[PDB]
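Labels A, B, C, D, E and F are assigned to the chains in the order they are written; within every chain, residues are numbered from 1.
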Amino acid sequence: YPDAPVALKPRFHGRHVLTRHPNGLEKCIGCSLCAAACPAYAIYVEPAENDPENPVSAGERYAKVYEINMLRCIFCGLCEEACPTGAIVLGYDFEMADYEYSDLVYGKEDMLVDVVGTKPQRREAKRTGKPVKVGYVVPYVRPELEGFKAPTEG
Amino acid sequence: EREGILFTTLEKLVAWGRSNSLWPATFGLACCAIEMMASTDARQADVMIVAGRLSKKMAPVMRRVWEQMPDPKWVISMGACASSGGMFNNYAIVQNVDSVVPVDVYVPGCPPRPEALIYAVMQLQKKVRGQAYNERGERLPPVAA
Amino acid sequence: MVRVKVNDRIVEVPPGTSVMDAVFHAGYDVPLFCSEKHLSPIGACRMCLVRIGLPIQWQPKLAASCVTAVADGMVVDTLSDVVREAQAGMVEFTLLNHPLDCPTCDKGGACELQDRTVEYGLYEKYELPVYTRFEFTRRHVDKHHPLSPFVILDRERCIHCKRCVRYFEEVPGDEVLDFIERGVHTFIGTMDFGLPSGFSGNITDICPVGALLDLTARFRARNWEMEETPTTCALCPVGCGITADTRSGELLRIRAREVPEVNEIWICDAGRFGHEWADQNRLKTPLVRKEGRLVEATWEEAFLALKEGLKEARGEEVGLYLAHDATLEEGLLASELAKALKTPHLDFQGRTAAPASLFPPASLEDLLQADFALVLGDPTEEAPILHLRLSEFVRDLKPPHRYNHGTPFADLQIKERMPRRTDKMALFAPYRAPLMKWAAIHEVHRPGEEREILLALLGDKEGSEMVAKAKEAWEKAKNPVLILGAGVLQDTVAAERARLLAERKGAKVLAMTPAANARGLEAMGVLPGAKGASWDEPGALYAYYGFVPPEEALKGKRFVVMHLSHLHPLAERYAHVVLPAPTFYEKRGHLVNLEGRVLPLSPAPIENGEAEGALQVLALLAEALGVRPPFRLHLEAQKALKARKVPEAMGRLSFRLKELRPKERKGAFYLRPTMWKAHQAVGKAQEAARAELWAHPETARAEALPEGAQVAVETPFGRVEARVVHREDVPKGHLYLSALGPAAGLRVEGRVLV
Amino acid sequence: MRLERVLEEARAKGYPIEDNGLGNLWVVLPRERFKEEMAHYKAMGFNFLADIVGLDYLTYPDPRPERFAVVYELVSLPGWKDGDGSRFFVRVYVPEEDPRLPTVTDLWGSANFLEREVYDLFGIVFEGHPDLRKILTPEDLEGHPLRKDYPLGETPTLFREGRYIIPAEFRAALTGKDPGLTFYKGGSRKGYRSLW
Amino acid sequence: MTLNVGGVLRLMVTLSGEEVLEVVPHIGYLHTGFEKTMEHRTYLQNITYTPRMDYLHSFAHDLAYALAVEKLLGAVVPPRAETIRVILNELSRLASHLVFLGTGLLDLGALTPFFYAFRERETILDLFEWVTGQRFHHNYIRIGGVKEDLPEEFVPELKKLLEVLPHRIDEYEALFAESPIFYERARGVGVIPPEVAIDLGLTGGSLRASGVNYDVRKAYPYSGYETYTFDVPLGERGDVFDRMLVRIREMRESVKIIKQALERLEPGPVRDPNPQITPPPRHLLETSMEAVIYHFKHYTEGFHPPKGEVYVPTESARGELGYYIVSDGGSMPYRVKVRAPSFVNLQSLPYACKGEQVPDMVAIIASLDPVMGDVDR
Amino acid sequence: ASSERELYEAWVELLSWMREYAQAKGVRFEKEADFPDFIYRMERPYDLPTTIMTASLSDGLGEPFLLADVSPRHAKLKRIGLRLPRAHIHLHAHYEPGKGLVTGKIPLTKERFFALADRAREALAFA
């Protein structure tokens, strides 16, 4: 029924999203805890020092590289759990089947809250010129995914 | 002649053709086997769908099933265990089904939602059309071979 | 030995043992914050509290197990509620003002505070548990403020163990750190800004928390995320034990590895911060010259082009020249290859005119139990860690008892702020050496002049009063040790006399070779023959190089294969076939220490590229000449060393050798032996590795050299720009050049271009 | 109750009894006496052979008698004629060089598959088993996986720019016999246990 | 005549004639290696590996391992935890029985009764997605209790499905008891001797289908099953007819349990607050250093339970299930062996269909209810 | 009270003075650390004027000569603090309704601050 969107529960385990505070700062402080807690060794994090002039996160430290191998990932949300800032939270998207193995490792700007759709969903709507129709809807956005705009009309 | 319009528009019609004569021939294994039965129930075969942990013992077996198939054929890989080494990174499992059969589409999840297996063949579909590319931006060959 | 009952276990243990080490030896445990392997115990933080009974009669107040000695028939309770409750509290106090950085803190899961916090903290009494009682404003101060380019200090974290400051006054002897105000307000600070001593890096490895941190590797990976690779630093002859942290093929950080036999748990800065270069710019594909320029080529292509330059070659004109840090295997192979391939000129980069195998190797153990130290050279540069053992030596310290847990936590032997004896050592060198401070008998000479001082010592001449007090010291010397380095080992005259002085008195010697694996390559026979052509002598016609030689030795030769690791300009202008080689970090094989000890080399998972070790390249260049080599890989090369009867790891290889090939000294400039190596000048090490140029202010300004000028200088070893420094300790009219290489201890012609 | 009679007996006969506070109790039998003594157990009313599980103590901190060791779990099902509920385990340390051990197929038919598994994963043979054939591991798997010196066989996980992760060198977790990332480990991370 | 017929289970059916000589099974095709890799994971991390063996009544696996570790390092599961943990356990047991009952509806043709059972199941799985955010393999059971509390919309929806099921389970018992074809199809075949079953270890609730009264939830009570309105279904003679009914009878009872536990569901804590076993309440991570330290440590290198060896039996829909864990005082277990009920159950199969017809050999294995991820693992 | 709110407001100010003096007399201002109760704040709310909690006016070598900090929102006995490192001088500034920012009875005005900063800079800076 890909003509009429699927209704997932608020708590569903979908493509990971990286959240921000209202300040515009990335919540994530490049600590690599999420990765350390992963049962499938599916996260790689390279940290880096903030620039006091042009910040990124609040700490002295932020995540330069944040990558998640969406094939290995088992979707436990152990990472969301271990995170001590609430930066990584499990999103809603699931329409993310793709073609070449390595195209399935999601990068930082593939996961920020201000992103719409998945790596392949977007890529199509790029060479298409037609916006992204997400095949899902929910009762409401979780509190924890604060900022994440999605089809919620219930 | 091969690159002319006459040949192209033919093969572009041919492809568009079996782009719909797609005959999903499931090959389920563990838990994934039970989430695919929730999509084939909602509604000679090409397109085998690997859904679950491919043991090393089970490997040379799925291999034969694939060989003895038509020639215009495709392989979707269902979820972590099929796609990647899954979360079982050990002696007992193959770390990518591409090690034994060529995969045309991978579908992340564990098990991937049923509705995602739908979207997954849609991708396979829209690729045998030769109407699909990767992130680098290259046109992708409709068949794995 | 003494009878001591820990909890339920009873243990024998020497008389002057720490109650702490008692406990750990029995196989128990206690919160440990301020005490440290090799540093004076003081009962500072008060974590290692225990209860003690001694007749059973229970002592009234808990004791600091780290500073209370064991007595016969002593019970030490480390489990009573009374005890846990106390540790629990002490931990609470330590955490009371701490800063809450963990996730962001570079101390990762390798932090003594965290671990003990979790280990003993939060007391179980016998409802909603309370994680924190203290609800007031924490102590806020300075943060992430770098003391030097290599150490970044975070005052807020510090817990006021005395480890760092204590270390400084004790091991190196360079007090450049110490608490400031008092009470809750005290903190770590300095007024000697650069962090002078060549041994600062160690405070990074001692600091229980994230206050003192390795800036060279700030914010790269968390401590578990790293791939540790235990191995040996081969920058100099002492072969300390290191661990190399690597992640995703790049080298992130270097640390000390405990190896008490040789270097203890210490590492000089050059060894620990000079890793900037290895994983950065590097030659990754063999090059061969096509049209008067070098171009990438497959090893297949190279091998053929190699065959070509050597088809027309008589097997005696072949030259083999290894690098100062050539493995024991690479040396043995190159030996036989020059044996079958009948040639006279095979040498190794750092080769001393006087073979270090001359003198009987002396253990670092021996050095502590010797009764005098006669030094002719600057240990602080030639073989750094020696300085630190001599620090233990000048304190009359002697190798601690080994316990069930190895090297002891609280050695009561070591008292804080000890007195240093200046009668236990004599120091002679071309400048005001650093260790001249703990040397009563001490004098400054001029370049290549040790020959006369060594003579005088023998008894065949009159030297200064100093040399005289030195003679009479060495005379009244019961079981002394001779430490000698560059000048001495590089001039046949002196070198010979040194050996004599050390034969007559039954004493051992420390060869401060400028070649890392000198004592090891000498044991394999990588020494030039009758003919001549040595590593700086342009003799041979077709030669293999494991390093960039003096420009003079290249110019002329018919065919040159340079097995470098980085592209030197001298190569891309004189080299015919350049092949990529691994650094000692990513090699495999054994080395021979300056004490004759043989130390292993493991391979770090760094980015080799398409390179291979000289073990292959040699064998490959052996085919294009004639005979098939005897060595393929390591597993098989091992057989040929175990053949020659060279001991396994850690063993010491005894091997003497009486033969010396002299050469004249063109005394204009003196390449002053330095800790840092030339090829290290990258990143943060960029400055600490720049060459220098010293001279006496008269002759300095008489040859027109301002006190802070950037000058260009030319030696037979190359043109280098160096800072210029005035020094009243520099003999009149000579110029001391930073001999950043292994060509140190040499007098050379040359001049200051303008 | 049929268990007290096992204990009152083992007590007299130099059979060491293990017991953890949680409700599980063992009884080590030496090599020889095992065979027969166990038959005697079933004869005593021990219906059902629940599990059997091989253990390899090679990487265990505190030393043990012999390297491998096998546990069995004999029981009297409470749904039958005169079943109490008397469950218990029995152990036998099997020499690193003599992987031999008498089957129990004789009295229990459950040991058929179960003994096969313990042969498959650890190197342990069983004297007189109908067919000692590999149960779980592919035919051509050389050796025995479940034992501590047999590589778990891991592949580095892959990421974009040649970023890899060899799990073995990445794990933050500590393997009991492992000293930890600091000099050592002590306190409530050498082992913890709350008090009811 | 040896015919090589081969869920993901291969059978060597030696067979000259139309009888059945000996059936020689060959498994190993879903050998994922759990027992080995769990020796290389946090005790927390292992909770994601446990539901991937019996992917149908997985929660029973979760609880079986949780209980073994809980006791080992001695933790106490709150009131509301234990309650949720059976509401969760049995709700999953219904899911594994709905499948078994559903595959027996097809082999009986009854096709609208099936189009219902597959909807029931999905309604249960909807519940698992409400609370645990997953269809299955739910990371919900924690060593102290449960990851987080249940949502507002769990109690309501569980009422909907806990209201239409009462008589509905009888409708399923109806069709199979008023056996048109069924009588002649199962009533005799698959002879399970009450005293040979207790020799091969056929403990899986298909034990009692053949006349034994050994249910572990009563015999050796665990998560408070000791305190419930509990009926253990019984079978007369060990055929397959009884085995299809017993398992339907079990649903009747598991539903009573859910209803009964749902009554004592008063608000409170969800995991043991003991800091050495449980991460610090999320919220104070902005104040307590001790909190930051514990949290940072807890999720990097997990906790260390004492040295020792424990085991505790539970009962999944497929019988006795237990984890035998060997702790060496590390962050990870030293050994984990799993008592796979479907593994020992499978030894009662050569005998099961001994000398029977061959077209009967499908519903003969399916009436033993093996799950391959269980046997193989 | 809601005087708490006004304290932080003033702390924002104290910082603005610091940044001013910094770029003014040609000497480095540095945010030393941000509130932990912000960094690790998650879905939880936050309505404080800044994230910056510890600040310094450091010299050429980086060694601070002035150190200011305010107490985190979740703490007790709140105060904004001044500290001249190395010279044992600690000032605790409170907040009184209508009077303003005070160190006891004496007001802490931009003037008085700038004075303190200088005394320190001139006598305590290493480079």
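Annotations
Quick note on the criterion: a residue touches a chain if its C-beta (ideal position, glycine included) is under 8 Å from a C-beta of that chain, and two chains touch if they have at least 3 such contacts.
The leading chain pair by number of C-beta pairs in contact is D-E.
One simple way to say how far apart two chains are is to compare their mean CA positions; for chain A and chain E this gives 33 Å. Centroids of chain A and chain B (each the mean of its C-alpha atoms) stand 26 Å apart. Between the CA-based centres of chain B and chain D the separation comes to 42 Å, rounded to the whole angstrom.
Distance from the chain D centre to the chain F centre is 64 Å, each centre being the mean of its Cα atoms.
Multi-chain contact residues of chain D (touching two or more other chains): 137-138, 145, 152, 157, 163, 167, 170-172, 180, 188-190, 194-195. Chain E has residues 28, 31, 33, 36-37, 41-42, 48-49, 137, 274, 276, 285, 287, 292, 296, 300-301, 376 in contact with two or more other chains. In chain C, the residues that touch at least two other chains are 99-100, 103-104, 109, 115, 118, 144, 224-225. If you check each pair of chains against the touch rule, the ones that pass are A-B, A-C, A-D, A-E, A-F, B-D, B-E, C-D, C-E, C-F, D-E, E-F. On the side of chain A, the complex with chain E involves touching residues 8-13, 33, 36-37, 39, 74-78, 81-82, 84, 90. Within the complex formed with chain E, the residues of chain B that make contact are 29-31, 34-35, 38, 41, 52-53, 55-58, 61, 81, 87-93, 110-111, 113. Interface of chain B with chain D (complex): residues 55-57, 84-85, 89-92, 95.
Of all residues in chain E, those touching chain C in their complex are 273-276, 280, 284, 287-294, 296-297, 300-301.
In the complex of the two chains, the chain E residues touching chain A come out as 41-42, 44-45, 48-49, 126, 129-134, 137, 139, 147, 151, 285, 292, 295-296, 299-300.
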